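A.B. asks: The structure's right below; bear with me while I get my questions together.
FYI, it's all coordinate maths here, none of it is from the lab. Cβ placement follows ideal geometry from the backbone for every residue including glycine, while neighbour counts extend to all protein chains displayed.
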2 protein chains.
Amino acid sequence: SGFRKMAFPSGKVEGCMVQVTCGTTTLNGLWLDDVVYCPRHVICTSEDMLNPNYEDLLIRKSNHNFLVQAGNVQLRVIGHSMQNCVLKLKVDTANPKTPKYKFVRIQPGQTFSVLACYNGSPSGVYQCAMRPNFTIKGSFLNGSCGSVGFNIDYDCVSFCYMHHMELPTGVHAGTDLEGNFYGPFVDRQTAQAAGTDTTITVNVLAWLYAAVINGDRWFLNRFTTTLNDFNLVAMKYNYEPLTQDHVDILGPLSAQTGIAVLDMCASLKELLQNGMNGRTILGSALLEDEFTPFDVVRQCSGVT
Amino acid sequence: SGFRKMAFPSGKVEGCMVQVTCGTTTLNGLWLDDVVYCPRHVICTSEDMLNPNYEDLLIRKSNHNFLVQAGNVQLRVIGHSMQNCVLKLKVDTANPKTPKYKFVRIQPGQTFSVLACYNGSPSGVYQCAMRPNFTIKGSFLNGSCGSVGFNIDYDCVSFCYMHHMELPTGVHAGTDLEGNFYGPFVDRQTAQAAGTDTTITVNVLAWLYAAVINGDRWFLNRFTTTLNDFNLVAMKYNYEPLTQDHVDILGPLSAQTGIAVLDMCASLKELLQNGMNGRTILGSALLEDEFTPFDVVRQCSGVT
Ligand SMILES: O=C(Nc1cncc2cnccc12)[C@@H]1CCOc2ccc(Cl)cc21
Ligand SMILES: O=C(Nc1cncc2cnccc12)[C@@H]1CCOc2ccc(Cl)cc21
């Protein structure tokens, strides 16, 4: 028993973290096989970031200008190319610690673990979610760029995110491992609207099932609802509309607890309309939306 | 910017995790040098746990009865001994992945990262605190026993905790790496009082400083207090009394923000007496006590 915001074990990802220096800029790189992946803003000075012409800035750079350092050993750069907002540095040595890996583009509402790095060194690991508006509420300081988000299925690491930017609002933006930004963000120090964010409804319901599994049951009630009645409430409270796909993904949790999905929706409706009344659920005074139904099942079953 | 419940990178600890089987019981072991450390209840069946005589149960066991498996390779056990509530299995091979390490006994209120394991395999990592009553609010299922808590200073892992037991209340109890329980707990399936827990005052204040650093300042007020006036309030709300040592440890955060410690105490006093009024601080609707002043400084400075 017990429910925690757990991150995947970070070892397989620590072994890929390298330091990438270009001119005066240093950020983090991801070394998989004979390729180092890093944000393309490694070629910019602070004044370049205002309105950078990346093609033109990269043209002034050569393989010898990119300093890649793994731990304490230098890697020889033999190729460089720009793919969207990432640079791919071909090095002459395959990373001996390259795990089984995939590059995946996660969906809004999905969760992942971030290994925060500075100067190619890992400082911490946390579990977070890709918000519906495609930002992440991370913990990133200067030099954190190039830090990656990932999931782990047994031995295969699915890299899903690379940190690029902190918006003036304090939220974070980044790309998939092909350099495509999540959301409408561009890699420029300019005004950028994050957009209206919503609460991930399926995740809150999943977390309410983890609460019932772990003993916190006070929020359970004598009521039920319909998808449409619940969705009217979700609209009023800036929650993502619940669809039959969300109900279907909640099937395993609904089966384990014996509480129908729409019955749990009625509980969520009452918590939305009445608040917590000074009580807590799984040690939290707000409705948690950073645990997916897959995460709750994984944590309550013990998948390693 | 951004503030997260960050855990240390778990790689150095993943490389020490082994599976320990004795009879029909399997739990996790910690392989450092040529020694595997695991909870001594690995020698018990479920019926033994009611009132076990560990000396007598261990006497029926020989080195060949302890099956230690690292990944997919078996370790040869050449010695066994019981130290308090841990078994030390001398194996014939030193763990090649043994990092620089220390065995430390942490103080109540201090934090650490837990690498949850099942069958010697790491499933997740989370940051938690040793409660003032010496329990931990972890996330542990059957087979999690032998999972360890630790801190990391550059390259040195300080092992501070080994999971042993889940109390009927759903809280967790365990030992230091010499087998000494934190708190009054015994390794028996019997009624065990956890004791009155309190909120770690210094940690809440530290987290309030991290909120000011990161922008959440609404809770700041035109008031100040004294250690004694604040402590009367702390008493009423089951908060640990604040001492001059706590004020002293808050010095760096007080210096960074320019907000005197007793001025932040006055803010905490008002939050205790008036609640949050439906607002949040660092995305939380309650006062967080699982970040020490050292953790806030580390996270806001970027120590790797
Ligand atoms: O965001 C960036 N810096 C950081 C990232 N994350 C966290 C931080 C925290 N504190 C200072 C800086 C940070 C860089 C530098 C600023 O201008 C831009 C503009 C667009 C892009 Cl793609 C990157 C950057
Ligand atoms: O606590 C224990 N089991 C677990 C630990 N942690 C989490 C769990 C979750 N779910 C089932 C079991 C768990 C073992 C077995 C029960 O009897 C005792 C009594 C004292 C001692 Cl020292 C250990 C044990």
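A.B. asks: So what J values fall out for region A:114-131 if you push phi through Karplus, 6.51 cos²θ - 1.76 cosθ + 1.60 with θ = phi - 60°, rounded to Hz, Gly and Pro as x?
C.D. replies: Values, residue by residue: 10, 9, 5, 10, 9, 6, x, 9, x, 10, x, 9, 9, 9, 8, 10, 6, 4 Hz.
A.B. asks: Right, next: Could you state the number of Å between the C-alpha centres of region B:257-304 and region A:27-62?
C.D. replies: Using only Cα atoms to place each centre, the spacing works out to 37 Å.
A.B. asks: Continuing with the same structure: Would you mind listing the distances between the A:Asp248 label point and the same position in each other copy? Use 7 Å along Cα-to-C-beta, nm, one decimal, shortest first.
C.D. replies: For A:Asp248, the inter-copy label distances come out at 6.3 nm.
A.B. asks: Right, next: Among the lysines, which have Cα under 18 Å from the Cα of B:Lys236 when same-chain residues fewer than 8 positions away are ignored?
C.D. replies: Within reach: B:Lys269.
A.B. asks: Kindly give the distances from A:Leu227 to its copy-mates, label point to label point, with each label point 7 Å from Cα along Cα→Cβ, as nm values to one decimal ordered shortest first.
C.D. replies: 6.2
A.B. asks: Helices from chain A with mean Kyte-Doolittle at least 0.0 and a Cα length along the axis of 15 Å or more, per DSSP H: which?
C.D. replies: Counting only whole DSSP H runs, the qualifying helices are A:201-213, A:261-274.
A.B. asks: Sorted by mean Cβ packing within 10 Å, highest first, what order do the peptides B:288-298, B:52-62, A:12-22, B:82-92 take?
C.D. replies: The packing order, highest mean first, is A:12-22, B:288-298, B:82-92, B:52-62.
A.B. asks: Let me ask something else about it. Residue by residue through B:296-303, how many Cβ atoms from other chains fall within 10 Å of the Cβ on average?
C.D. replies: Taking all residues of B:296-303 together, the mean is 4.
A.B. asks: Under a Cβ-Cβ cut-off of 11 Å, what is the net charge of the residues other than B:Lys269 that fall near it, where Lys and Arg count +1 and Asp and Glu count -1?
C.D. replies: -2
A.B. asks: Taking H as built 1.01 Å from N, whose amide H comes closer than 5 Å to the amide H of B:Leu87, not counting residues under 5 places away?
C.D. replies: B:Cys38, B:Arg40
A.B. asks: Follow-up question, since we're still on this one. List, in order, the whole-Hz ³J(HN,Hα) value for each residue of region B:53-70 obtained from phi through the Karplus relation with A = 6.51, B = -1.76, C = 1.60 and θ = phi - 60°; use x for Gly and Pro.
C.D. replies: 9, 4, 3, 5, 6, 5, 4, 6, 9, 10, 3, 5, 6, 9, 9, 10, 10, 9
A.B. asks: Within 10 Å of each Cβ of A:25-35, how many other protein chain Cβ atoms are there on average?
C.D. replies: For peptide A:25-35, the averaged partner shielding equals 0.
A.B. asks: Okay, next question. Mind checking which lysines have their C-alpha under 17 Å from A:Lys12, skipping anything on the same chain fewer than 8 residues away?
C.D. replies: Of all the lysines, those that pass the test against A:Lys12 - Cα under 17 Å, at least 8 places apart if same chain - are A:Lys97, A:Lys100, A:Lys102, B:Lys12, B:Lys97.
A.B. asks: In sequence order, what are the phi-derived ³J(HN,Hα) couplings for region A:46-52 according to the Karplus relation 6.51 cos²θ - 1.76 cosθ + 1.60 with θ = phi - 60°, rounded to whole Hz, with x for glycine and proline?
C.D. replies: With the stated coefficients, region A:46-52 comes to 4, 6, 5, 4, 5, 8, x Hz.
A.B. asks: Hey, another quick one. Sort A:23-30, B:162-169 by the packing proxy (mean of other Cβ within 10 Å over each peptide's residues), most packed first.
C.D. replies: In descending order of packing, they fall as A:23-30, B:162-169.
A.B. asks: Still on this structure, please answer the following. Along the positive direction of the dipole of region A:4-95 (beta-carbon charges: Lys, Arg +1; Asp, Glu -1; about the Cα centre), which of A:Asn51, A:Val91, A:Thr24 reaches farthest?
C.D. replies: Among A:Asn51, A:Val91, A:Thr24, the one farthest towards the positive end of the dipole of region A:4-95 is A:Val91.
A.B. asks: How many Cβ atoms of partner chains, on average, are near each residue of B:135-142 if near means within 10 Å of its Cβ?
C.D. replies: Across B:135-142, the average partner-chain Cβ count within 10 Å equals 4.
A.B. asks: Right, here's the next one. Quote the relative contact order of chain B in percent (integer), defining contacts as alpha-carbon pairs under 8 Å separated by 6+ residues.
C.D. replies: Contact order relative to length: 17 percent.
A.B. asks: Where the label is 7 Å out from Cα toward Cβ, how close does B:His64 come to the same position in every other copy, in nm, shortest first?
C.D. replies: In ascending order, 6.6 nm.
A.B. asks: Could you pull out every residue, at least 5 positions away or on a different chain, whose amide H is within less than 5 Å of the one on A:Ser123? Hs are placed 1.01 Å off N in the peptide plane, and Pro or chain starts have none.
C.D. replies: For A:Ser123, the qualifying residues are A:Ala116, A:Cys117, A:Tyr118.
A.B. asks: Let me ask another. Taking H as built 1.01 Å from N, whose amide H comes closer than 5 Å to the amide H of B:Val35, not counting residues under 5 places away?
C.D. replies: Residues meeting the criterion, in which the H sits 1.01 Å from N, are B:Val91, B:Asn95.
A.B. asks: Right, next: Kindly give the semi-axes, whole Å and largest first, of the ellipsoid equivalent to region B:15-99, taking each as the square root of 5 times a Cα gyration tensor eigenvalue.
C.D. replies: 22, 12, 11
A.B. asks: Within 10 Å, count the other beta carbons around each residue, average over each peptide in A:236-245, B:176-185, and list them highest first.
C.D. replies: Highest-to-lowest ranking by the protection proxy: B:176-185, A:236-245.
A.B. asks: If you count the DSSP beta bridges with both ends in the protein assembly as shown, what percent of them are antiparallel, to the nearest 5?
C.D. replies: That works out to approximately 90 percent antiparallel.
A.B. asks: Order of A:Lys269, B:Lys137 from fewest to most other C-beta atoms within 10 Å?
C.D. replies: Ordered by Cβ neighbours within 10 Å, fewest first: B:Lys137, A:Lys269.
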